[PDB]
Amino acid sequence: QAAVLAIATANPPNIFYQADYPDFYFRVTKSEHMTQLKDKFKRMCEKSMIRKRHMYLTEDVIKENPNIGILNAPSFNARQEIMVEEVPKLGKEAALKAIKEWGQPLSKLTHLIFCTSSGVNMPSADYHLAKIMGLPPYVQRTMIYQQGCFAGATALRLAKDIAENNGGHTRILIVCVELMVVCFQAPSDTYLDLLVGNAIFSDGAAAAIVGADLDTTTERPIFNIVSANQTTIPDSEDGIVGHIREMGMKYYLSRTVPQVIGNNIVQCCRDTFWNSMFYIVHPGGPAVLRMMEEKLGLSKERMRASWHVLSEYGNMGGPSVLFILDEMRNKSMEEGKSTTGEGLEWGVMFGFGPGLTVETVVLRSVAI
């Protein structure tokens, strides 16, 4: 059975505290005159439950690429040149720490699964990561582009079958990275979905190692991947929409996504399995996390890891479910819990994104 053997994360060094973003955003986009809009955007940042976000896109980067800060202006080439370089670099930072934890040589990896929705190139970010890390030429790459916030979960789904069907030697590095360079947009009166995305999206990278049939002398599972299944919510394609354009990516976030996602993953939870199991839910917004608490009647401690990653990092998209998994098993160990899943045995991870698409991973903890 496939297991997660290591986790590690990385973030761009610059921190943006949510308190100061509504002024920073409207200032660098020369938009201070949209005061009524800014008041609305201040209202979104405060309700976001996000304390701080790490971002590559600093005021300097915008000055260097001034069209990114100018709505509808062509900025795709500029965004593209940044992301094609920087996405694999941030992925290398996290992958190195994850391989340090695994404690095995690079030449032991057989596969690489790279996921991002921040830039596209041929050869793609999976290749570039393998170059700058000097991976052997026998490492088999799978590139997951533009799958949004369920990419981290979908990587595990793919990794389970690769790891289990090829046997003991198969070892998979998974790397998910996002830079909101891809979709930063200046605020506008008619396009009210920016204010949502610009309040929540942030940058980060997470890496993980997956294998089955372990060398019990060197390798130790953190979690076991029991099952992994994707489902699609009918007639909801208008929920999350990403249009990649000459102005960069135009995202569109429907008001109904949190209730639609919330009702559906709460259903997946029942169909698949409530304070006796551990939970990793992609921090799409605070309302999805509350609905899990309200409809399953969870203690405040059940969603703690997911609220924590949201608060300290915001909505990093793809890699976010791995941040939460790392955060869960870390505090489990520091607090001396019974298991990597906060002392519990069974758990569930949910990724979700455009479609609407839900990726459900059934996990099992490891005794600590």
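Residue numbers here begin at 1 and follow the sequence given.
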Missing residues of the deposited chain between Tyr127 and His128 number none
Once average C-alpha B-factors are taken from the entry for 201 to 209 and 181 to 189, the winner is 181 to 189
Which is higher on average in the deposited entry, the C-alpha temperature factors of 20 to 28 or of 353 to 361?
20 to 28
Check the PDB entry and point out which of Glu93, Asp161, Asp271, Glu86 has the largest C-alpha temperature factor.
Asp271
Of the options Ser75, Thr154, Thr142, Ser254, which has the highest CA B factor as deposited?
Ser254
By the entry's values, the third containing the CA B factor of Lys250 is the middle
Split the chain's modelled residues into thirds by Cα B-factor; is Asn263 in the lowest, middle or highest one?
middle
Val61's Cα B-factor: lowest, middle or highest third of the chain?
highest
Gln80: CA temperature factor from the record, placed by chain third, in the lowest
Pull the Cα B-factor of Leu322 out of the PDB entry and bin it into the chain's lowest, middle or highest third.
lowest
